[PDB]
Amino acid sequence: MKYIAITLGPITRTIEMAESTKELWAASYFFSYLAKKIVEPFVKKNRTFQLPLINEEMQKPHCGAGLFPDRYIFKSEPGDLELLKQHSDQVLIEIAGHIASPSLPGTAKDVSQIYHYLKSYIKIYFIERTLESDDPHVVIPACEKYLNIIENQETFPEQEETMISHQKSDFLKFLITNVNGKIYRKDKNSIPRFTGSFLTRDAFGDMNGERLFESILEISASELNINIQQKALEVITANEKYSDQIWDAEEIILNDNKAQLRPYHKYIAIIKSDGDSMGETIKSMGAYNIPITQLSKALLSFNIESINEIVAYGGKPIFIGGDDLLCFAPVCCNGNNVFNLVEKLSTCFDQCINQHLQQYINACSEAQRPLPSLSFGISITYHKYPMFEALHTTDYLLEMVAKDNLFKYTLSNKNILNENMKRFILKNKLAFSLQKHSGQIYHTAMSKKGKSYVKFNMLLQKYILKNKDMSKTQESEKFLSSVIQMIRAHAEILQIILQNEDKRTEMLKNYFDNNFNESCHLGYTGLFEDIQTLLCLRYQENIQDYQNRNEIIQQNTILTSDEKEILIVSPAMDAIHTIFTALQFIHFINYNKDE
Amino acid sequence: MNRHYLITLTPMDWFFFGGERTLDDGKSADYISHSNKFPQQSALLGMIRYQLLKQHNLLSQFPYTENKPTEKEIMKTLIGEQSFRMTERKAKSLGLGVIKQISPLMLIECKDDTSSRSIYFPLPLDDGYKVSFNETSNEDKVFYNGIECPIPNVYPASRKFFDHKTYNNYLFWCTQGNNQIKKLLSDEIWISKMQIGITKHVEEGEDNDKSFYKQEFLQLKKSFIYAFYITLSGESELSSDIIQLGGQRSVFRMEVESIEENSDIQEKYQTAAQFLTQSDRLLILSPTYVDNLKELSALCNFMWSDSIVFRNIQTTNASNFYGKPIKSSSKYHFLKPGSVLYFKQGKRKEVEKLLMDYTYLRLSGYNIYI
Amino acid sequence: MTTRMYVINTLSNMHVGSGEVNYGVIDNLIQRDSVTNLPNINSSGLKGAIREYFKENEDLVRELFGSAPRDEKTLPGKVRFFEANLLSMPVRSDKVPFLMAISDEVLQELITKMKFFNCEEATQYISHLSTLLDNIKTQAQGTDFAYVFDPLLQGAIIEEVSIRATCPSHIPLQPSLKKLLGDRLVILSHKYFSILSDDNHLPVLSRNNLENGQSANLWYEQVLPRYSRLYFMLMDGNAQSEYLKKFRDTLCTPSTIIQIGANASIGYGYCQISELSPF
Amino acid sequence: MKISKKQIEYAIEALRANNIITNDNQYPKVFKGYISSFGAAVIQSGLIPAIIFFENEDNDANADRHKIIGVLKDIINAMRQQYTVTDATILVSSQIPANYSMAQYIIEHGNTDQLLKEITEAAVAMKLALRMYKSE
Ligand SMILES: [Mn+2]
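Residue numbers (the UniProt record's numbering), protein chains in the order written: chain A, 1 to 240, 246 to 600; chain B, 1 to 158, 168 to 379; chain C, 1 to 279; chain D, 1 to 136.
What follows is the structure, given as structure tokens:
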């Protein structure tokens, strides 16, 4: 019958207009809020939704995360298109009226200009298609393929004044920058508060809003229980827009109490995830009859429990919809590192798939059984590092390295699709990157479908100090630096040891024994055994993944030398590099001195 | 009579072209800088004005302020009263000096046999795809922000539908071959370098050693140059010289080659681009500005388009050329080169007139289609 | 605008920090060209070194190099510096303490750069270098070659690549080419020069920090060998003639030594500057 | 001088093949000192006297020292299997016969320079290879 498929807005463009963490949250929750408002009338009516699976728990205000995606497919009844058009216009009118409210800072802006800006900027594209099929498995791709080509139509605000302080024709940037409103004060016998905009009221609830989010250090330094925001806010109010001043005040009061300040309290983690082999799982569900509503239900349960996991750990969720995840967490909180959070979210996704996809799991044979899996990209950067660059780094990690899209794009842009080479696409990977406040970049990639990921997690958990060490010398950290230096210096001899098959384990143990004398002072005990085990596991996984791929890559005459060198990954060197990156992460968390 | 010149630009080093997140304009995003492949046409205009002033020794605004009583009018008749301004986008003339018309910047490959120059254009976003509609009043309708248009049907011209995962047309630059269009990947034409620099001296004793910046420097592949056509009023010859074109002191070598008198540079650019003309779409070759994008949408069935952001440096003849430059208070969004406008069954003239309504931008090198 | 070629002739070991993602044995690497992967100096380093040397004459610095950072008024520079490319390098021999090594590809790139930039003394230098290159290619005939021109240096063994040098009597080396390329010169294939200038054959120095008699840190440093030669291009934007002449005279005087790179307090990167002498 | 990976692999193969490491992955502690002593002897006395002294076994010359020269022979043989023609360079490549002692070969047609280079690289490779076993 009649099916209506809706797509909403340029999301990447709005995201890349954000410079801080609260701005990024505003950018994502704007589109979550807009989608919720648009689909509210049809959810209130008993409308069968095929793609999103709107549920009552979705509407309830979770933490400030947005659970409403950009694409919706629902069965249409007569008169639906006119109502959708009118409601889209009315939702834009309401949002424009909310932007111009005097509760937000700045001069009084006219509602009509903001409405025209939103109309020219926000994409609200919907399509009515007559499909002679009820089945969701044919309905969803049929509408999605048309949505994909629909999205290529570009709408923009033609003119954008950004310099004059009273002719600011940039209203989404204004909204994201001033999403926390203003500060109001009594006769000094009161506490600072943020008025908050409509987004903050809708996301965190109008009532019982404990505290809004302003600067990165609150998330990153949520360990010392100093109540950074209230102290900084009373400093900035006693001074005499507020984002940079409160950021600087939070920095000053963080430096003031250096007795518990670890260097990673000024570093933030960006976590991005995407579902791997979910399309193949949908195809296998199409073959072995089982409706897509079970996969949607598993995704929704994973979203809710992942929000709870991210909130329980020190951190803030931004977008949790389906397979896509975007959260900001500190590197550590209460002795838990961000890698424990990644493990917990992988476990939540796998457990939810197991829970709700029992029918497909037990119906299908173990031979093919693709199943979905979560690929993660983690970026750790200085809090003053530009957000645009850190976001691009996280996107590169996830797409190119975690999803192995570098291989696919390099082959496809040269028309070497070559299903033989499509057989070599790697899945279920973890991509990591650390940038210190010096320009040093450490990155690694790891497969989560093996014992190497488990060994990595336990190695991190073993040698991460849950309590800051109050010793002015830190002998163990100099031992760790010596181990790091001797790993990076003897990399070729380690490669020779690894390339040997039968007796590589004992050779590794003996080499570490001979190179390091009295390799146990305090703290790190048995670190060498764990390092050698992890290195061997990584080498075996790398041999499984990359060897035949490298051999086939070198034999392809179409690829140039530069592209071939980019695509080729050395197994032993990658394993040694992974060990090096893990040790650098341990050193970064443990060492008190920064830079 | 008006002289017609072909202006070839060869990069003598790595070059940079400003964007919006430049080295020091904003907030804590002002130590990473990225570069645009092409300069704005205002950069070309200002280059021509600077070269014209230097040729006549009229360069002024030295590191001190002076007055120019009897050379204000020579300056005005040589370069014009003011820089390229988008406020005067509808005027019938450039409002400048001997400069009459500048063709859009072109990418030219010079084979090392002085045989011919191959001009590379952005790949049209519809290349290799067949886009068809159902003009009937039947079902399968689309709504672009409330405007009803027929649904597009995109198939490869090799009944498989459009795959968004197999789309890479935005990464390619095209040139005429023998019967097919040679496609060059954009990463072959341009190479990127990230330079990390510091300030050695540490001032004021505060926290320092973080004063490191990153710049993306672009280089053209060997035997690749930039070029554009210029028409000069009367007899104001342009001398070959070493010039600057934006960025952190980017140096180019200007070669001035004369073309025949009875020639139109617009016609020459269109002749070069003639190999990409399909009579169901409008190919946007140079960046295009329209005051109302909604009316243009109403005059078409589907735009396979992108956006670029435009901002100028606004200086008068008397402006303080040494200091903080005054940039346009408003940024403008232009349709990217390679965008295709799929017009209705009988309204190609309408969209053409809408695009040509800005003759100032047309003379600058904008709103050029085929 | 008069483009001028300046030769460097480093008097000590040169370390110019690359700053790019380093993962190998050597902790501190030197700057290398993106395209050729030969050692080079960024024009930023050249400008910084020359501005630091001339910083005591404020007016000259303001005129030529521009305004210091964090200054209220910003003045453009009038001299454009181009990156310094390695011309010749000392390689170790057995008959002589060292030989000055240049590759045929380095020579051809120098010829192309002089033709492109139009250096002041470019005509005669280009002619003589082209004749030298053509004679060398005729003598080699597509084979690996190691050509010395002094009959005494015949039979010299380059150490790292066990190549024995040969002396073709047909090839004349002009005195000014000898001045430009150095003394005790050997012209190799670019494969040999790339081997000799790669990370494995460039000098690596060990450093450590001693705290109370025991080493706290340890790292390895890559340095460009002493007596290496690099050429760069300088373009004067018709700057004031007197400041330009003072700058050029100070740059070309024998008493002037420029420090480029790191480790200034331990004498790294101390170099002279030589203009292109008329042929 | 810089050791390649291939020479270290040759040293591992030769060390295992010439019966120096037992099946328990242990080597007698005297052999590291024997390698160092061979290097010092080559420096102080010369290649030929050092080879002659280290190759003999008739007396109680520790009854294991000739194994070092056996390993050096194996390494030099392996290095001269490859890098064979390489006409652009000045080296002579041949297989030193099993029945010919190293001292006999250098006495006959050693040329004392290529052999000096091969001997020093082989000794360094032996040290690096022994770094990956344990002392008894
Ligand atoms: Mn996804």
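Positions of the beta carbon are idealized from the N, C-alpha and C atoms, including for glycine.
- CA-to-CA, the gap between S351 of chain A and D328 of chain A works out to about 11 Å.
- When the five nearest sequence neighbours on each side are left out, the beta carbons in the same chain lying within less than 7 Å of the beta carbon of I7 of chain B are those of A236, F237, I239, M263, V265, in order along the chain.
- Taking the beta carbon of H582 of chain A as reference, the chain C residues within 9 Å of it are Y23, listed in sequence order.
- Comparing C-alpha distances from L130 of chain D to each of A:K427, A:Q479, A:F42, A:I498 shows the shortest one belongs to A:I498.
- The segment 131-148 of chain B makes no contact with the segment 62-69 of chain B: fewer than 3 CB pairs, one atom from each, lie closer than 8 Å.
- Residues of chain D whose Cβ lies closer than 7 Å to the Cβ of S162 of chain C are, in chain order, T89, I90, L91.
- Straight across, the Cα-Cα distance linking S35 of chain B with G19 of chain B is about 6 Å.
- With contacts defined as CB atoms closer than 8 Å, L59 of chain B and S245 of chain B fail to qualify as a contacting pair.
- Interface residue (Cβ-Cβ distance to chain D less than 8 Å): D144 of chain C is classified as such.
- The C-beta of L128 of chain D comes closer than 8 Å to at least one C-beta of chain A.
- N200 of chain C has a beta carbon lying within less than 8 Å of a beta carbon in chain D.
- Interface annotation, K2 of chain D: in contact with chain C, CB-CB separation under 8 Å.
- Counting only heavy atoms of ligand 1, the residues whose C-beta sits closer than 5 Å to one of them are, along the chain, A:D279, A:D328.
- Look at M475 of chain A here: in three-state DSSP terms it is coil, with no helix or strand label.
- Assigned with DSSP and collapsed to three states, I8 of chain D falls in helix.
- Boundaries of the alpha helix (DSSP H) harbouring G48 of chain C: 43-53, taken from the DSSP string.
- Exclusion of the five residues before and after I69 of chain D leaves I51, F54, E55, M102 as the residues of its chain whose Cβ lies within less than 7 Å of its Cβ.
- Here the alpha carbon of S316 of chain B sits roughly 25 Å from the alpha carbon of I93 of chain A.
- For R229 of chain C against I8 of chain C, the beta-carbon gap comes to about 6 Å, under 8 Å, which counts as contact.
- The beta carbon of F156 of chain A sits closer than 8 Å to some beta carbon of chain B.
- Spatial neighbours of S301 of chain A in its own chain (CB-CB distance under 6 Å, excluding positions within 5 residues in sequence) are listed in chain order as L53.
- Taking C-beta atoms under 8 Å as the contact rule, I8 of chain D and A125 of chain D qualify, at a distance of about 5 Å.
- Selection C:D27, C:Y270, C:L251 evaluated against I260 of chain C yields C:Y270 as nearest (Cα-Cα).
- Collapsing the DSSP output to three states places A274 of chain A in a strand.
- Listed in chain order, the beta strand (DSSP E) runs fully inside the UniProt domain "Cas10/Cmr2 second palm" (272-410) of chain A are 272-281, 321-326, 329-335, 378-387, counting runs of at least 3 residues.
- With 16 or more neighbouring CB atoms inside 10 Å of its own CB, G46 of chain B falls in the buried class.
- For a Cβ distance threshold of 9 Å, residue set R80, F82, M235 of chain C lies close to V260 of chain B, ordered along the chain.
- Minimum Cα-Cα distance from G77 of chain C among the listed residues C:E83, C:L87, C:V61 corresponds to C:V61.
- With contacts defined as CB atoms closer than 8 Å, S242 of chain B and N57 of chain B fail to qualify as a contacting pair.
- A:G280 is the residue among A:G280, A:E240, A:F156 whose C-alpha sits nearest the C-alpha of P375 of chain A.
- By the CB criterion at 8 Å, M365 of chain B and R371 of chain B fall inside the cutoff.
- The beta carbons of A436 of chain A and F381 of chain A sit closer together than 8 Å.
- In the three-state DSSP reduction, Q101 of chain B falls in the strand class (E or B).
- With 16 or more neighbouring CB atoms inside 10 Å of its own CB, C309 of chain B falls in the buried class.
- Under the DSSP assignment, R85 of chain B falls outside any beta strand (DSSP E); it carries neither an H nor an E label.
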